[PDB]
Each structure stands twice: as structure tokens, then as C-alpha cells.
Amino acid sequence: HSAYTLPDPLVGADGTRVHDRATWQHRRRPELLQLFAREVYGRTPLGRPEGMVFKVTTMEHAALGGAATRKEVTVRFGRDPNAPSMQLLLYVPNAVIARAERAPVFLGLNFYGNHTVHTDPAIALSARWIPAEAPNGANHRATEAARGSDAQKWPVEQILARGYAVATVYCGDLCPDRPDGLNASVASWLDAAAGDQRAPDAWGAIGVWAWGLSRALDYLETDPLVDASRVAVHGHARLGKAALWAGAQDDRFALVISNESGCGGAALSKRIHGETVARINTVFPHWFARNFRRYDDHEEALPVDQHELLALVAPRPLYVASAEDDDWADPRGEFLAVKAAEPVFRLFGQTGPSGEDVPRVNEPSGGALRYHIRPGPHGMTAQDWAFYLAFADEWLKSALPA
């Protein structure tokens, strides 16, 4: 039940206790980032590549019946027109634009293509490979029947009505989610040697997806319609694992949301409940670094656990959420990771969930470090988003002079 012991985020690798925010920021945070890079996700080999190019391919000022401006942007990772790229979809609420104010942004990757997040027939159909599990796909390619096929996870009209822009990119633009996807990924292009077997500490899909989120943020910093200092990075499940790693590595993200990210996301690995290190690496060998396989059936040897990933978001707001029936993600483990990260949030004057057991369903708990568990199976629902929008309202207010 409790057959593990966690490393203390506030004890340095040399045993010295971290007593102050400066030691956390300038020594302990780099230590932990290097541990997760080497042992779990793999190294992010560079941040912004030189020669990133942003091309707005479509712009509609009266999308969604006039409610939004919709922009599609190709973010190309080098100057040569042949360089790899990703396709960003952005809806911005026209009520905010009309007031001549920059909108805060929710940014997250999608599972099956930009055209799946909303029925809107003007969104470009992805030309990229799509998994067999994608609704209404045909031989691994998008079809018009797939439009809006993942819209329940994306309540665009509500987010816009609440004053937030919505930005998304298909994860498969960055690394196709298939065990062979790394060879057709931006990793195959970025700081790679002669294309053979990747190195032990080389990043995999989660690292690549996370890097893509930071490149989307680079684009948002240039877009006059949005406030790139108020970007909430979010993800569901495997894309929440990526949102957490993006938010931990890139402290420009103003707020981070993990929706049911489970093993190698928010859930403690040392708890051995639901999905385990061996199970995740065996089924998804491209997700983590090869070095993470050292801990298959040996989670006791992990030098970190996921509470320390959560702690890397501090002092910025972080929301971890679970589903009651989602045993595979280990909801208790996700909550206990929040509780074990809370001392770092407290060092920074924030507060986490009250209580030392999982709260009752649909009752969020915590300040800037917040948790809820909703009824039902794994997914991302309107109820999850209602809670996330309330959190963002509290923790993403436009900055005024201090």
C-alpha cells in the first residue's frame, strides 16, 4: 500500500537542505532538471533553433459565427523551406480583440489533428500520419469525417467566452505517436549524429512534444493578439506528460495543467499502482529515454519521483487532476505526488490541497497548487475544463504595474 520512500525535493543531491527560494531556483532546480533529462525523458538538446520561421497561412476574423479570429500558422524550425515544421491553430475571442486587449492563452497538443478539435470546416485537414485509433480515419490519414471528432476534449466556445484564446498543434507533427515515430520526428533532424540507434540519454516523444509546446510559445510571443506572458500549458494523458515536462523546463509558461497524466506524468512511479515503468516502456518504447528502462521493475532505484517534476513548476500555478475510475493513471498516486511537491510550493508562499487524503469528487482543493478528481473514466471533460477556467481566472489575471 505504501511500499516506497520518496526522495525529498528540499534535500540537495549532496545532502544539504534547501532553505530558501534562491537555492531552489539556482541550484536544486538545475539538479532536478538534469536528473529528469538523464534518467526519465532524455535530454532536450537545444531550445529555440536558429532560423525559426513563422508563416500565417490563413486568417479569419469572423470564425465561429463571429465569435473568434482563427489563425493557422506554420512554425518552421529552420529557414530552408524544406525544414520540418508544425501547424498551429489559434482561436482568439473577438470580444477581447475588439477591446484592443491581448488575450491570455490555453495551449495544448491534440491527439488526432487540429481538424479534430472543432467541427469548423475551414481548419486545414492534417496531411500527416494519424494513428489507427483516431476516429473516422482512413489508412492513417485524416478524412473530412474526422472533423470535430475530438471536440469534447476542447470546449472552444466556452474558453473563448471566458476570455481566453485556444492554441493547439497535433502531437504527430512533432513525433508521430507510434513506436517507429522518432525516425520521422524533429528529433531525427535536431542535433542527431549519423541516423542510427538513439543514445541512452536521447529524448523520445514526450521530450519532443514538450519542445514543440515551447516552440508554440515562441510563436505566441510574436502574435499581437495574445499575451504570451499568460499562457496556460495543458495536456491530457500522454499529452499531459508532455505539458508537465514543458512547463517544468520552460518557466515562461505561466500556468501548467496535467489532466490525468498518470505514469511518468503526475503519478508517483515508486507506488507501483496501475501503469508501471515496465509497462509504459514496453508498450511505448519511444516515449521516454532508453535510460528510463533501467527502472523497469526497479522503481526503488529511481533517484527522483514525479513529485519533483511537479515541484519544478513552483512558484507558478500547477493543476493536477484525476478521474475516479482511472485506476491505470493511479489517481491516489497523482494526489500524493501533489502532496509531496507541496513543501516546495510552500517555500514560495503558495498553498496546496488541504488534507492528506484524496478529496471528494468534484471538490477541487488547493491554492496555486490545485487538485481535483471527477467521477467517471479517463478522459477530459467539460467538468475538468470548468475547474481549469476557474483556476485560470484566479491565477492568470493581466499583470498591472507593481
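Numbers for residues come from their place in the sequence shown, where the first is 1.
- In this entry, 127 to 135 has the higher mean Cα B-factor, the comparison being between 127 to 135 and 256 to 264.
- Looking at 329 to 337 and 350 to 358 together, the entry lists the larger mean B-factor for 350 to 358, computed on C-alpha atoms.
- The entry lists C-alpha B-factors for 291, 168, 306, 143, and the highest of these is at 143.
- By the numbers in the PDB entry, the CA B factor is greatest at 297 among 297, 250, 324, 177.
- Residue 275: CA B factor in the middle third of modelled residues in this chain (values from the PDB entry).
- The entry lists a Cα temperature factor for residue 214 that places it in the lowest third of the chain's modelled residues.
- Split the chain's modelled residues into thirds by C-alpha temperature factor. Residue 386 is in the lowest one.
- Among the modelled residues of its chain, residue 203 has a C-alpha B-factor that falls in the lowest third, as given in the PDB entry.
- In the deposited entry, the Cα temperature factor of residue 154 places it in the middle third of its chain's modelled residues.
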